[PDB]
Amino acid sequence: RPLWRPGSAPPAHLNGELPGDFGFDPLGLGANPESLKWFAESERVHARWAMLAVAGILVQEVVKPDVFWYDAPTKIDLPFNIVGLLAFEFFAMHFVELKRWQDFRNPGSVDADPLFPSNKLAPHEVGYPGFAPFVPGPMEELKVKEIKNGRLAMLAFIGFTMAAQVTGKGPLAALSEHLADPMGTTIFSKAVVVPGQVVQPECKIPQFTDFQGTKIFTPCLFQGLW
Amino acid sequence: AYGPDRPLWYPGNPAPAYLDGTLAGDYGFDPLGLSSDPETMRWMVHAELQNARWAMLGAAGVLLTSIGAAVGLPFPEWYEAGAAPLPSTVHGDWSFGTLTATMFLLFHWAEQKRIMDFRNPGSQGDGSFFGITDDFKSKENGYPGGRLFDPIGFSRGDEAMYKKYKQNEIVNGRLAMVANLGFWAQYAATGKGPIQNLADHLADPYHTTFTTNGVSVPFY
Amino acid sequence: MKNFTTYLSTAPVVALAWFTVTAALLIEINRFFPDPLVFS
Amino acid sequence: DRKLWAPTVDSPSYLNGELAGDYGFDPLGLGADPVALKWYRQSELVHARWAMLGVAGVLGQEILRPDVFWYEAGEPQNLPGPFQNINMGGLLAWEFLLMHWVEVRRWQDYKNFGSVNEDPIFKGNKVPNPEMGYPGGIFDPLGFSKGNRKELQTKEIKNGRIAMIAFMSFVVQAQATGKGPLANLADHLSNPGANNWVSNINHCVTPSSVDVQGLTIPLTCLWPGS
Ligand code: CLA
Ligand code: CLA
Ligand code: CLA
Ligand SMILES: CC1=C[C@H](O)CC(C)(C)[C@H]1/C=C/C(C)=C/C=C/C(C)=C/C=C/C=C(C)/C=C/C=C(C)/C=C/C1=C(C)C[C@H](O)CC1(C)C
Ligand SMILES: CC1=C[C@H](O)CC(C)(C)[C@H]1/C=C/C(C)=C/C=C/C(C)=C/C=C/C=C(C)/C=C/C=C(C)/C=C/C1=C(C)C[C@H](O)CC1(C)C
Ligand SMILES: CC1=C[C@H](O)CC(C)(C)[C@H]1/C=C/C(C)=C/C=C/C(C)=C/C=C/C=C(C)/C=C/C=C(C)/C=C/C1=C(C)C[C@H](O)CC1(C)C
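Chains as they are written, first to last, in this note's numbering: chain A, 1 to 226; chain B, 227 to 446; chain C, 447 to 486; chain D, 487 to 712.
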């Protein structure tokens, strides 16, 4: 089994069955088996949401390079009122999340169309609803690609947000700024903490961003610890 | 710790009988036999697992707000973060008298349940509070494990990690308690609050000691 | 400590404590509410 | 029997003579625990190999480029070629990750000897690493360990121990006189009695602090300056 650090010893709890296991639990978080099962659902859900997000942020910068992803909501004209969009979004997400969770709670209970009992999802593993019209390659191989791709995406998002707080531009603009002066755009080249001095990158995010007349508090993640 | 040959406080001096070495951070240190009684030990262990935990949170705050005020971020220093105006609430404005009363009221409820389980183990786990039972049980004195107090499951997981984690907590808590006396004593001598005292000591390390502060050494 | 607490329970020690608390209470009461001649 | 550090001493048992340069010199009994001896040895070898490189650079740099004071050569402007006034933060970035990989890999050879020996990216390419601290292979290209490596190891440790002592001389005799290693030899040979440690130890000749590209770096002399 490939390990996060060659020569390391994987923790007992990680015998390896979950796709993308690399014996990485330095603090032993998923020591409890049920806890590991939950964390496993969290990892997949986080990765899939992040994978869609990272892609969207990049696309919404190739198509509309003007609107900044961080302040996109305040820079875009919603076809519907936020209250109405948020209301629908809440009920929509609430429904899918409830059925999604019920499966994790009691496996194989929500695996059927409630409106049309004729429709019923085939038996499936938790975390994998069953929507697999096309699977290009071994399921486990694609599972590892999904978790590896997802883990990379989740890290990329934090990078998108932090870069958007240190600089005031999106991922593509920031990367170009790096490609222009590679040895003078790194975080080290913009922030240094010496035993006596404290140079921290300026927060390019207004503490509060007004939205449709409602100033929305937008804090720079731990601006005090940079 | 967690050993019969655990490192002790005064290498050479034998450890107290009551201090076997099981208790977290046990170094056989009870010179005035304060915990000679076994029941006293249990109470003292719980009390330490109470002062240290609060002290740890308090130290995290005096350090985070201080770090902020030094970087520039509007943060009142620990000493003046009480006269700071209380924030408003959707319900209404906050009043100091109500704030104190609410703080004690809530604390009385939690303290009662904690002490009641301490006196009567599992007493709180009677589904009396909305059916919560095992989550209201106590894995050990000062260790109220469950799915509400240890959500991630360090206690439910590897005991070695749990035991190691228990030592980390005791040692860190004792340090935080000592650190807190510092934050207070350095204030009541320098009048500046930490992170300013760390910054002064790192700018003139030799001429910025406790000896040169007026209050510490009176003659000097 | 079991035998130290036993000593701190002996009549002379307990009386010294009880009285000190009672005395201090009356002193503190007059300290904040002085000249209590009548119950008004 | 091996010759020991003093004509009257008796070697500590743990120092049986296996390690190179075993002159039974452990007055503080630091290497008594076999784990610590193992670690300390790796630290000795790393410190020696780094000081032998260092004592060559100080001497060499002076011989060739004599304008730059060894003590003041890490300044961006002092840096030669284009390196002059190069963002030190960006430079640190390179010196950081690159050093972190080589060091961590070496550390994992301590934690699990002969475990990190194969090229992680490519494959098959492996290093003999016969002894911890002596990888050989690509690390020994011209192949001189193939002979009596132990004898060569003895020369290496003895030369390194002399260097370690010499580089800390270069450091002191430079922060006192203000001149390099061979310049201090020249001054002595000019007027011996008048250019000694007596007429030079009463002054810490070297800046109290150095601002590097906006980052002030405090400096100090090993002996409290008179
Ligand atoms: C989205 C959150 C998330 C969650 C819930 C998990 C959960 C899990 N991971 Mg995982 N991981 C994540 C993100 C996450 N991971 C990311 C982003 C990476 C890329 C670095 C990895 C890389 C990784 C590897 C290589 C391995 C795991 C493994 C595991 C499983 C066992 C380890 C464990 O129990 O830790 C539980 C994890 C959590 C409880 C979440 C931690 C949340 C804390 C509170 C946040 C702390 C800060 C955090 C590091 C964010 C940093 C932000 C910034 C500094 C970049 C477990 C079910 C092991 C495995 O596959 O076994 C099956 C394993 O080998 N993960
Ligand atoms: C896949 C993750 C990833 C990648 C590829 C990058 C890439 C880059 N980052 Mg970045 N970053 C990341 C995550 C990542 N970051 C995260 C999670 C954070 C929050 C802690 C940050 C916070 C951050 C700041 C504040 C800044 C950058 C900056 C930069 C650019 C170079 C300058 C620099 O200082 O880099 C430094 C890199 C870091 C500070 C963190 C990267 C560490 C990642 C997570 C490890 C990934 C290792 C793995 C082998 C992947 C390798 C990369 C690639 C093969 C995918 C560069 C293109 C600078 C910039 O914006 O340029 C103008 C800069 O200001 N990043
Ligand atoms: C950091 C450098 C370093 C390190 C890690 C070691 C480590 C070791 N040496 Mg060693 N040695 C060194 C430098 C070093 N040496 C130098 C420069 C010399 C030349 C004088 C020697 C000469 C020497 C001899 C003759 C012998 C050893 C031996 C040993 C081993 C005995 C176990 C021990 O006591 O470890 C502990 C040692 C350390 C932890 C080194 C740290 C130094 C301590 C903490 C303080 C020293 C400060 C020092 C006086 C400052 C000098 C300044 C000056 C140059 C201006 C051990 C593994 C014995 C051996 O070979 O066994 C196989 C032995 O016979 N060494
Ligand atoms: C064991 C033994 C035995 C023998 O026999 C005898 C003897 C010796 C006596 C003993 C010993 C003992 C000891 C040492 C003790 C100590 C303790 C401590 C220090 C504590 C702390 C303690 C400390 C603590 C708690 C702390 C606390 C704090 C808190 C909560 C908080 C605070 C704050 C903050 C956040 C900030 C803001 O702005 C303000 C405030 C609000 C103010
Ligand atoms: C239960 C649970 C369960 C689940 O499952 C999971 C989880 C959630 C994870 C868990 C939790 C946990 C926790 C809570 C923890 C905490 C911690 C802390 C905060 C600590 C502190 C800690 C803190 C501390 C130590 C403190 C420290 C401090 C100090 C020393 C001081 C220092 C100093 C002083 C004197 C003053 C000056 O001027 C400055 C200086 C020099 C700087
Ligand atoms: C054995 C024993 C045993 C018993 O038990 C105890 C006792 C006796 C204590 C012990 C002893 C010990 C010792 C002696 C130690 C020593 C150490 C040292 C001296 C090191 C050095 C060390 C040193 C070193 C590393 C060096 C380093 C250096 C380097 C990297 C570099 C430099 C430089 C050069 C090139 C040039 C440029 O332009 C600049 C720079 C960059 C600045």
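The C-beta atom is built at its ideal place from N, Cα and C for all residues, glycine as well.
Rounded separation between B/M387 and B/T266 - CA only: Taking the second sequence and counting its residues from 1, one reaches residue 387 of chain B at position 161. Taking the second sequence and counting its residues from 1, one reaches residue 266 of chain B at position 40. Spanning the two alpha carbons is a distance of roughly 28 Å.
Beta-carbon proximity of A/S189 to D/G610, cut-off 8 Å: To locate residue 189 of chain A, count along the first sequence from 1; it is residue 189. To locate residue 610 of chain D, count along the fourth sequence from 1; it is residue 124. The answer is no: Cβ separation not under 8 Å.
Close-in-space but distant-in-sequence residues of the same chain around A/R151 (CB under 7 Å, 5 per side omitted): Sequence index remark: in the first sequence, residue 151 of chain A carries index 151 (1-based). Cβ neighbours of A/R151 beyond the five flanking positions: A47.
A/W4: CB within 7 Å of a non-hydrogen atom of ligand 1: Your numbering for residue 4 of chain A matches position 4 in the first sequence. For ligand 1, at least one heavy atom lies less than 7 Å from the Cβ of A/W4.
Euclidean distance between Cα positions of B/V397 and B/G251: Locating residue 397 of chain B in the second sequence gives position 171, counting from the first residue. Locating residue 251 of chain B in the second sequence gives position 25, counting from the first residue. Taking the Cα positions, B/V397 is about 6 Å away from B/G251.
At least three beta-carbon pairs within less than 8 Å, the stretch 662-669 of chain D to the stretch 522-539 of chain D: no
Neighbourhood of B/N406 by C-beta distance below 7 Å, restricted to the same chain and skipping five residues each side: Walking along the second sequence from the start, residue 406 of chain B turns up at place 180. The answer, listed in chain order, is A281, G284 and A285.
is_contact[A/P19, chain B] using C-beta, thresh 8 Å: Indexing the first sequence from 1 puts residue 19 of chain A at position 19. For A/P19, the answer is no, since every Cβ of chain B falls outside 8 Å of its Cβ.
Residues near A/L85 by beta carbon distance below 7 Å, same chain, minus five either side: Within the first sequence, the letter at position 85 stands for residue 85 of chain A. The answer, listed in chain order, is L78.
Beta carbon of A/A153 nearer than 8 Å to that of B/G379: Numbered from its first residue, the first sequence carries residue 153 of chain A at position 153. Numbered from its first residue, the second sequence carries residue 379 of chain B at position 153. Result no, Cβ atoms of A/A153 and B/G379 do not sit closer than 8 Å.
Rounded straight-line distance, which links the Cα of A/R44 to that of A/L18: As a working mapping, residue 18 of chain A is identified with position 18 in the first sequence. As a working mapping, residue 44 of chain A is identified with position 44 in the first sequence. Near 11 Å, if we compare the C-alpha coordinates of A/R44 and A/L18.
Beta-carbon contacts of D/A660 that lie in its chain and below 7 Å, excluding the five residues immediately before and after: Within the fourth sequence, numbered from 1, the residue matching residue 660 of chain D stands at position 174. Hits under 7 Å: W556, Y557 and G666.
Backbone secondary structure at D/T692 - three-state DSSP: Mapped onto the fourth sequence, residue 692 of chain D falls at position 206. Three-state result, D/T692: coil.
Nearest neighbour of D/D496, chosen from D/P520, D/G510 and D/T706 [CA to CA]: By 1-based counting over the fourth sequence, the position of residue 496 of chain D is 10. From the listed residues D/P520, D/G510 and D/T706, the smallest Cα separation to D/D496 is found for D/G510.
Span of the alpha helix (DSSP H) around D/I572: Residue mapping note: residue 572 of chain D aligns to position 86 of the fourth sequence, counting from 1. Note, D/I572: premise wrong, no alpha helix (DSSP H); not H, not E.
Cβ-based burial, A/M139 [other Cβ within 10 Å; buried from 16]: Along the first sequence, read from residue 1 onward, the residue named residue 139 of chain A stands at position 139. It is exposed - the Cβ of A/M139 has fewer than 16 other Cβ atoms within 10 Å.
heavy atom of ligand 1 below 7 Å from A/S109 C-beta: For the purposes of this step, residue 109 of chain A is taken as the residue at position 109 of the first sequence. Incorrect: A/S109 has no Cβ contact closer than 7 Å to ligand 1.
Any alpha helix (DSSP H) of 4 or more consecutive residues that is wholly inside the stretch 171-223 of chain A: 171-180
With 16 other Cβ atoms within 10 Å as the buried cut-off, status of A/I216: Locating residue 216 of chain A in the first sequence gives position 216, where the first residue counts as 1. Exposed, by the Cβ-count rule.
Three-state secondary structure (DSSP) of A/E17: Counting from one through the first sequence, the residue named residue 17 of chain A turns up at place 17. Coil, per DSSP.
B/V404 Cβ short of 7 Å to ligand 4 heavy atom set: As a position in the second sequence, residue 404 of chain B is number 178, starting the count at 1. Yes.
For D/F599, the nearest candidate out of D/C690, D/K524 and D/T702 (CA to CA): Here residue 599 of chain D is taken as the residue at index 113 of the fourth sequence, counted from 1. Considering only D/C690, D/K524 and D/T702, the residue with the shortest C-alpha distance to D/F599 is D/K524.
Closer than 8 Å to chain A by CB, B/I293: As a working note, residue 293 of chain B is residue 67 in the second sequence. Closer than 8 Å: yes.
Bridge partner(s) assigned by DSSP for D/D697: For the purposes of this step, residue 697 of chain D is taken as the residue at position 211 of the fourth sequence. Answer is D/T702.
Per-residue DSSP class, three states only, for C/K448: Counting from one through the third sequence, the residue named residue 448 of chain C turns up at place 2. Here C/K448 sits in helix by DSSP.
Residue interval of the alpha helix (DSSP H) (run including D/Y526): Here residue 526 of chain D is taken as the residue at index 40 of the fourth sequence, counted from 1. Counting along the chain, the alpha helix (DSSP H) containing D/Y526 begins and ends at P520 to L550.
Cβ pair count under 8 Å reaching 3, the stretch 32-39 of chain A against the stretch 167-183 of chain A: Verdict: no, contact absent.
Near ligand 4: B/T435 beta-carbon under 7 Å from a heavy atom: What you label residue 435 of chain B is simply residue 209 of the second sequence in a count that begins at 1. For ligand 4, not one heavy atom lies less than 7 Å from the Cβ of B/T435.
Contact set for D/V544: own chain, Cβ-Cβ below 8 Å, skip 5 residues either direction: Taking the fourth sequence and counting its residues from 1, one reaches residue 544 of chain D at position 58. Around D/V544: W556, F653, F656, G666 and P667.
Chain B contact for A/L155 (CB, 8 Å cutoff): Reading the first sequence from its first residue, position 155 is the one you call residue 155 of chain A. No, its Cβ sits nowhere closer than 8 Å to a Cβ of chain B.
Identity of the residues DSSP links to B/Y228 by a beta bridge: Counted from its first residue, the second sequence places residue 228 of chain B at position 2. Answer is none; B/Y228 lacks a bridge partner.
Near ligand 4: B/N439 beta-carbon under 7 Å from a heavy atom: Your numbering for residue 439 of chain B matches position 213 in the second sequence. For ligand 4, not one heavy atom lies less than 7 Å from the Cβ of B/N439.
Exposure label - residue 452 of chain D; buried when at least 16 CB within 10 Å: In the structure displayed, chain D extends from 487 to 712; residue 452 of chain D sits before or after that span and is not available.
heavy atom of ligand 4 below 7 Å from B/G284 C-beta: Along the second sequence, one-based indexing puts residue 284 of chain B at 58. Yes, ligand 4 has a heavy atom inside 7 Å of this Cβ.
Under 7 Å by beta carbon: chain A residues contacting D/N598: For the purposes of this step, residue 598 of chain D is taken as the residue at position 112 of the fourth sequence. Near D/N598 (Cβ distances below 7 Å), the residues of chain A are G7.
The stretch 301-320 of chain B contacting the stretch 410-420 of chain B, beta-carbon criterion three pairs below 8 Å: yes
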